[PDB]
There are 4 protein chains.
Amino acid sequence: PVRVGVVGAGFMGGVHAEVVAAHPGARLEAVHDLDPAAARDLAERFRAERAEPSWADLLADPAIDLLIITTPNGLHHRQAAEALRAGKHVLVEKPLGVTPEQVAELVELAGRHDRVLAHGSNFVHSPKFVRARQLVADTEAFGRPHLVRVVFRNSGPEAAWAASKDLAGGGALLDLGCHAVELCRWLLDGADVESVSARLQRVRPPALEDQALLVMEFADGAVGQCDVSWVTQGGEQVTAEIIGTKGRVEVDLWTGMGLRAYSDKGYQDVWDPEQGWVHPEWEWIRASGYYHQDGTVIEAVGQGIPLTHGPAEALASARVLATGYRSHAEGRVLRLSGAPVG
Amino acid sequence: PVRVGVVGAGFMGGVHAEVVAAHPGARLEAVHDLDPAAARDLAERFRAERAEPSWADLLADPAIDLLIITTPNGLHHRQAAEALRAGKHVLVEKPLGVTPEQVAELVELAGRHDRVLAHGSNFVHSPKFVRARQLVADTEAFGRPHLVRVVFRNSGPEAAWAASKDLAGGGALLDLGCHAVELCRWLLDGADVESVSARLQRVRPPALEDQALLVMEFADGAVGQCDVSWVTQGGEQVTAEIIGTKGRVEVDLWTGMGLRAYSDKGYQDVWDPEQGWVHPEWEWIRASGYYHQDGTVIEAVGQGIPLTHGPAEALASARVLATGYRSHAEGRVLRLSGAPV
Amino acid sequence: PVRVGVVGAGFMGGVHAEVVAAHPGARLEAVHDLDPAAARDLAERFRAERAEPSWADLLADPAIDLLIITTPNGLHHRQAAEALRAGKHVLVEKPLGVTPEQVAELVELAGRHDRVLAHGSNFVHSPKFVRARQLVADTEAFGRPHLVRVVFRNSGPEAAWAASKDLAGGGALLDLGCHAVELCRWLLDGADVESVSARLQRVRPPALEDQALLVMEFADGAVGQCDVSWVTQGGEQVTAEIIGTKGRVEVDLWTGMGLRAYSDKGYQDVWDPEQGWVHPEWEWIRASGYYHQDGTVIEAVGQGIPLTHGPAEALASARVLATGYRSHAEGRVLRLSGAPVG
Amino acid sequence: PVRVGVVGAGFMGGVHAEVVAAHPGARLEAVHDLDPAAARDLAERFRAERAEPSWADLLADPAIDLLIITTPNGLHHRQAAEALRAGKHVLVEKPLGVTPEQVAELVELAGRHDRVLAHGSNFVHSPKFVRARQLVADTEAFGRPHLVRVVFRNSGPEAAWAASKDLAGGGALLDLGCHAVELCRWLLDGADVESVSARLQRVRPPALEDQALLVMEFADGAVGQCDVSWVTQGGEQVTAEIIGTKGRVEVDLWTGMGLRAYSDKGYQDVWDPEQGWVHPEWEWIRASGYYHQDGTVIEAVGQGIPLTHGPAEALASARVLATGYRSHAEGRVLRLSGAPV
Ligand SMILES: NC(=O)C1=CN([C@@H]2O[C@H](COP(=O)(O)OP(=O)(O)OC[C@H]3O[C@@H](n4cnc5c(N)ncnc54)[C@H](O)[C@@H]3O)[C@@H](O)[C@H]2O)C=CC1
Ligand SMILES: NC(=O)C1=CN([C@@H]2O[C@H](COP(=O)(O)OP(=O)(O)OC[C@H]3O[C@@H](n4cnc5c(N)ncnc54)[C@H](O)[C@@H]3O)[C@@H](O)[C@H]2O)C=CC1
Ligand SMILES: NC(=O)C1=CN([C@@H]2O[C@H](COP(=O)(O)OP(=O)(O)OC[C@H]3O[C@@H](n4cnc5c(N)ncnc54)[C@H](O)[C@@H]3O)[C@@H](O)[C@H]2O)C=CC1
Ligand SMILES: NC(=O)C1=CN([C@@H]2O[C@H](COP(=O)(O)OP(=O)(O)OC[C@H]3O[C@@H](n4cnc5c(N)ncnc54)[C@H](O)[C@@H]3O)[C@@H](O)[C@H]2O)C=CC1
Ligand SMILES: NC[C@H]1O[C@H](O[C@H]2[C@H](O)[C@@H](O[C@H]3O[C@H](CO)[C@@H](O)[C@H](O)[C@H]3O)[C@H](N)C[C@@H]2N)[C@H](O)[C@@H](O)[C@@H]1O
Ligand SMILES: NC[C@H]1O[C@H](O[C@H]2[C@H](O)[C@@H](O[C@H]3O[C@H](CO)[C@@H](O)[C@H](O)[C@H]3O)[C@H](N)C[C@@H]2N)[C@H](O)[C@@H](O)[C@@H]1O
């Protein structure tokens with residue numbers, strides 16, 4: 001029975017605490033936050049064994065097998081390292097690190113300490129994204145993939161820390177692009193990136209990028225687009241399309257739930273937009289891949305089943321983003337090494 | 001740990017076998033079919049303790065707690081009765097019985113032997129339908145519901161038994177209408193039916209009805225339509241809509257998965273239509289309510305949690321359909337008692 | 001050059017005045033209203049030769065060839081009769097009459113006076129509805145039609161006269177059902193109705209019906225549903241579906257324009273709903289059939305081209321509705337004669 | 001009454017012949033093709049005064065006011081120049097020329113002979129695109145536009161000339177991108193392009209580009225994407241999206257007609273895909289802007305109303321594409337001048 005600690009009792013600590021509490025092979029043992037009242041509230045809401053106010057004590061406790069780190073991006077590296085050095089398995093929310101060297105250091109650490117290190121690429125475990133991938137891999141029907149495009153857009157993160165470079169490590173390219181890049185590479189069966197090209201925008205007034213376009217060229221000829229935004233009103237969008245020589249596949253997460261509703265006022269449990277025509281969500285957590293993700297991690301820890309989607313995939317995506325940031329700066333298409341293609 | 005037997009190893013025996021194998025609080029203990037090879041196929045597919053070729057032996061086995069009956073409609077009554085008499089809890093695929101009196105007999109019989117009896121109204125446990133019901137029940141936004149329409153259409157059941165009245169008990173109204181009626185009533189929080197009106201069609205050549213429209217009037221003023229069909233090409237359709245004084249809600253099961261795909265050939269695990277633009281399914285079983293339904297039944301048996309959706313609801317729907325059949329015959333709007341309005 | 005008079009300078013007088021002013025084979029000659037200022041305003045907005053304040057003078061004027069009657073339903077019969085007796089051709093907005101006998105009287109009148117009588121069934125001239133009909137008539141692909149359903153729903157007519165039985169002649173079944181019935185019969189190539197069954201509701205508090213369902217059985221075996229409503233919020237809906245032994249055809253007028261837009265505030269030229277996700281309209285008048293309709297009528301008058309969709313179709317639909325009203329009262333399925341089927 | 005000659009009696013000569021025949025202020029006077037039988041087919045189809053087998057005779061005929069040029073891209077320049085020199089007004093299908101200098105030469109040449117020169121940017125006259133532009137321009141609701149994306153994809157041009165560089169002048173970027181670029185600029189009210197960046201692909205075997213992505217940066221901060229493809233099965237796609245600080249607008253031409261149909265066979269007048277679920281078209285020609293475009297040109301010629309969308313816009317787009325081609329070669333983001341950013 002895998003004894004789990006949640007580190008950061010905010011929004012994603014809550015999502016993970018829910019899926020942990022529901023999983024028969026695990027126990028929600030502890031919740032820790034710098035804000036001890038936020039840890040207590042979440043420990044209560046999901047019936048955790050306890051609130052643990054001390055990081056040091058949490059790490060020394062031999063009753064904890066796995067920590068889930070849901071703190072602000074810029075803390076991920078230090079927290080995960082300390083955790084792995086203390087002997088704990090770790091699931092870290094994306095971004096696993098804020099630079100490829102941060103990520104590489106964690107992977108090497110996890111290997112040295114013989115620990116499972118997993119990162120929070122949940123969409124890659126979304127049942128509807130899994131399906132879409134089988135369809136593209138059905139060569140008879142789809143043929144050879146030549147385009148993949150993944151779009152993540154919303155009206156921007158609300159938490160104050162996501163506005164500072166030291167706490168967030170980057171703007172929209174890092175926050176949403178990490179996911180878009182992973183989904184492109186993974187929809188094409190782990191395709192190798194040969195070049196990266198990107199351009200960033202600052203749409204909101206005075207500074208982190210709040211919208212970006214990043215494009216990858218892959219070994220086989222295919223081209224991937226990642227189009228991400230913190231400045232799109234009207235409801236979060238997560239879509240993908242893949243186009244091959246013979247077929248097409250389209251995926252829609254938030255307006256492909258098969259529910260529509262209309263009201264003047266606004267429905268009680270309905271997000272944003274509030275009023276008028278909306279697309280209410282059912283089982284958003286599962287549809288988004290969190291149950292399957294966390295389940296994989298609980299199994300990897302509980303019985304050394306290797307992860308299907310490892311942290312090496314986080315290194316590859318970190319390299320892509322870092323190169324995207326450079327491509328924007330230099331206004332050219334770059335190899336992952338940083339060299340210009342020409 | 002609830003020990004489960006599946007009776008009828010065809011399409012729905014397969015669906016229930018999968019959800020049973022996946023449920024931690026249960027064990028797929030046996031599979032039985034008149035065709036012992038089909039039972040063995042399925043027992044293997046889902047790692048059942050055994051294939052049980054003998055109905056008698058299956059019923060006497062004190063290791064089974066619950067049977068799930070996925071045989072042709074006309075057998076449901078006898079099989080469920082024998083099962084309850086043998087001390088087993090029972091989940092019966094819809095229709096629970098072929099007439100209200102068959103259903104009432106089983107409920108009473110389950111009472112006598114102190115057994116859980118459940119019926120396979122899966123859509124009422126569909127996470128997306130549960131959500132749609134909360135939105136309708138959100139009075140400030142939805143206002144008062146005044147219309148509900150549920151549409152079930154497909155190109156018709158392929159099995160030969162579903163073409164015979166003796167084995168099927170009825171045509172599309174009984175087959176698909178039972179679901180549509182339960183969803184209308186349940187979307188409106190168990191609304192009381194005041195009248196029923198229906199017309200049936202025979203579209204494909206010489207005979208059971210192929211297509212039907214059934215309309216309920218409810219106590220509060222709302223009207224429910226159930227529009228069902230065995231003669232609709234182009235992919236199964238399961239949709240609902242609810243309209244209130246202030247809102248609307250629309251529910252779409254099979255073309256509201258957020259996946260589209262195109263090919264000339266046809267994709268390996270994609271149903272019907274085969275070719276051209278299709279809407280592939282993800283997690284169809286869960287989306288359709290089977291995991292939550294069976295879960296409820298496993299919990300009712302395992303730890304005496306009462307069912308949220310009991311077999312009395314199958315009685316209410318059976319009465320509705322029976323009155324719909326009579327409405328069609330007499331060409332008039334009837335009370336459940338059978339009297340004309 | 002067909003010289004046209006518009007009678008009733010309200011909403012539909014405005015729609016018709018627009019299409020008349022645009023048509024090269026016609027001239028918007030006069031506009032008449034009991035409210036002479038409403039006639040003047042419309043005469044100006046569309047450059048009519050004049051505002052004609054006198055009905056009698058309008059009818060005696062030998063310079064007018066065709067009157068378009070866009071007054072309240074309950075005036076249609078008397079106005080159209082007087083017009084035809086005076087020697088004028090007439091297009092009457094639906095409902096052409098409020099009972100089958102009103103309609104029959106007008107048809108007989110039009111024949112006696114050798115005049116074109118047309119009624120305002122515009123959807124039957126909607127280019128997208130025309131297409132849908134060819135697809136159903138493509139027997140190879142569609143097979144034999146066995147179901148047709150037409151849905152008209154909105155939040156109800158705003159004009160005061162539509163709330164009185166004397167001025168409106170009926171509630172939603174008459175107002176919206178007339179159109180739904182015509183589209184069902186016409187989508188199936190003028191199919192003969194054998195039985196009618198209907199039920200009406202009064203949803204709004206205290207009285208005319210504000211929602212209805214009417215079902216027709218046709219000669220060939222097919223069944224038609226007309227589902228109409230004055231109590232559906234969230235935007236007007238006009239849809240149809242047809243299902244055959246081999247095929248299906250679906251038509252959507254107001255959410256099948258291929259435009260979507262989102263705003264918090266509301267866009268300047270956008271209807272209802274105002275805010276949030278909307279489906280703005282482009283060329284709604286043409287998409288709805290009014291240009292083609294009126295064009296047919298202008299040609300029938302201008303050069304005795306017979307109407308493709310005649311007033312006999314209004315008699316057939318009037319009979320259907322009248323029988324629907326009776327079916328509701330008696331709670332049974334009736335033949336057009338009024339007899340019960342049994 | 002504007003007397004019109006159509007030059008090139010293939011697919012677009014057919015489209016323009018239909019809108020010309022239907023326009024009251026014009027007459028379809030002649031149709032000319034290298035294939036005199038194709039010219040005659042079309043002259044008959046649309047009741048043209050005559051089939052004119054001779055280019056020279058067509059140009060000398062003082063009865064023609066306007067020629068519409070619907071020949072292969074590489075001929076546009078020579079044909080339009082000869083036509084303007086012969087005193088005729090000219091509407092040239094896109095691309096107006098194959099290089100910015102070809103386009104600039106024609107504009108200047110039209111000026112010299114005091115002639116209307118128009119190019120076939122039809123989507124910019126599409127009633128639905130015109131509407132989408134008003135919504136974006138509605139500042140209180142939309143706020144400031146910061147993204148525009150236009151997508152044009154199909155399974156590729158079938159004619160052999162469109163596979164040759166000499167006859168086509170370029171691959172998918174020139175063919176489909178010209179439209180996508182004009183729509184981005186025009187949706188943002190004639191926005192000034194500050195930079196261009198593009199990458200091209202060759203998807204189908206050995207060669208002109210099959211698929212491309214071109215991205216503009218605009219003066220105000222907004223970014224435009226043009227995503228074009230000859231290698232997309234499953235039906236032509238023409239869509240756009242615009243996103244502002246407060247709103248979004250989405251435009252869909254071919255799957256936003258409000259018609260769906262299913263058959264196994266295929267419906268008589270339905271394009272591609274043939275079978276299964278399709279989106280049949282109604283009034284495609286009007287929806288695509290051809291009636292309004294040609295109307296504008298007929299009015300410009302007939303009664304000296306200036307064009308709303310002039311050939312200078314074809315120069316701006318030609319510069320963009322030429323810089324996109326260079327961007328792809330050099331693998332960097334370029335100013336229109338050709339300089340790197
Ligand atoms: N996969 C996905 O879809 C999503 C991932 N995320 C990621 O999840 C992570 C957390 O996101 P949320 O929206 O922020 O939560 P958040 O802002 O709601 O809360 C973070 C919590 O961490 C606590 N905290 C801050 N620093 C701490 C420290 N050094 N030690 C212990 N506790 C600390 C705060 O008091 C707060 O309770 C982020 O890294 C973000 O990238 C966020 C949303 C969705
Ligand atoms: N909830 C839902 O959505 C659906 C429910 N159903 C229902 O499920 C039930 C089974 O339908 P399907 O699985 O489609 O049928 P099926 O034809 O796929 O299989 C029925 C099986 O029962 C076997 N059988 C026949 N007589 C038997 C006997 N005396 N004892 C044991 N087995 C016998 C047959 O050999 C066959 O394998 C029906 O009552 C039907 O109404 C069917 C489809 C969908
Ligand atoms: N085909 C279609 O889609 C539609 C048809 N309609 C129909 O069009 C007709 C008119 O509808 P609108 O919404 O009402 O216009 P409305 O209410 O806006 O105006 C009617 C006009 O008639 C004038 N008027 C009333 N009685 C008159 C009389 N005896 N003589 C001269 N003028 C008179 C009024 O002052 C007013 O200006 C109705 O019959 C309705 O059924 C209405 C909307 C859409
Ligand atoms: N606006 C739009 O949406 C579209 C525009 N186009 C454009 O329209 C133009 C024509 O394309 P399509 O009609 O698809 O071509 P097509 O291949 O259908 O026909 C072109 C015709 O020109 C004829 N021709 C060849 N050389 C000639 C000459 N020297 N003199 C006279 N005629 C000659 C050919 O025989 C052929 O009939 C192209 O410039 C293309 O870029 C094409 C498709 C869509
Ligand atoms: N206004 C709608 C929602 O906006 C925030 O939450 C969304 C999350 O932000 C969203 O995640 C995306 O957005 C976050 C902010 O950009 C990213 O840090 C994250 O990587 C991405 O998947 C989840 N998949 C869906 C959540 N509902 C907000 O935190 C929620 O409380 C709220 O329900
Ligand atoms: N709130 C949206 C609209 O509601 C009314 O107008 C609609 C009209 O009412 C609508 O017609 C339907 O509704 C009318 C009212 O029920 C019926 O009398 C008519 O037979 C039917 O086609 C038109 N086809 C489309 C019009 N936009 C209203 O008159 C308009 O000014 C307004 O644009």
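Heavy-atom basis, side chains included; hydrogens, waters and symmetry copies ignored. The chains referred to below are lettered A, B, ... by the order of the sequence lines, with proteins before strands, and numbering in each begins at 1.
- Interface residue B:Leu213: only side-chain heavy atoms are found under 4.5 Å from chain C.
- At a threshold of 4.5 Å between non-hydrogen side-chain atoms, the residues C:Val341 and B:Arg199 count as touching.
- Around the CG atom of B:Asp189, the shell of radius 6.0 Å holds no more than 12 heavy atoms that belong to other residues, nucleotides or ligands.
- Contact of C:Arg144 with chain B is made through the side chain alone, with heavy-atom distances under 4.5 Å.
- Heavy atoms of B:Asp227 lying under 4.5 Å from chain C belong exclusively to its side chain.
- Along residues 151-188 of chain B, the residues that come nearer than 4.5 angstrom to chain C, judged on non-hydrogen atoms, are B:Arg153 in order of number.
- With chain B as partner, the option from C:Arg204, C:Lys246, C:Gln211, C:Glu330 having the largest number of non-hydrogen pairs under 4.5 angstrom is C:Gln211.
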Exercise. Does the side-chain hydrogen bond (donor to acceptor under 3.5 Å, both in side chains) test come out yes or no for B:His146 and C:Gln201, once each step is laid out?
Worked result: CA-CA 9 Å; B:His146 63 75; C:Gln201 293 170 273; 4.8 Å; no
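- Counting heavy atoms from C-beta on, the side chains of B:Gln225 and C:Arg149 come closer than 4.5 Å.
- The nearest pair of heavy atoms linking C:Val231 to B:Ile243 is O-CG2, 4.1 Å.
- Between the side chain of C:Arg332 and the backbone N or O of B:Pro340, no donor-acceptor pair lies under 3.5 Å.
- In plain terms, the two heavy atoms of C:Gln237 and B:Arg248 that are nearest each other are OE1-NH1, 3.0 Å.
- Counted within 6.0 Å of CG on C:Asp220, heavy atoms from surrounding residues, nucleotides or ligands total more than 12; the atom is thus considered enclosed.
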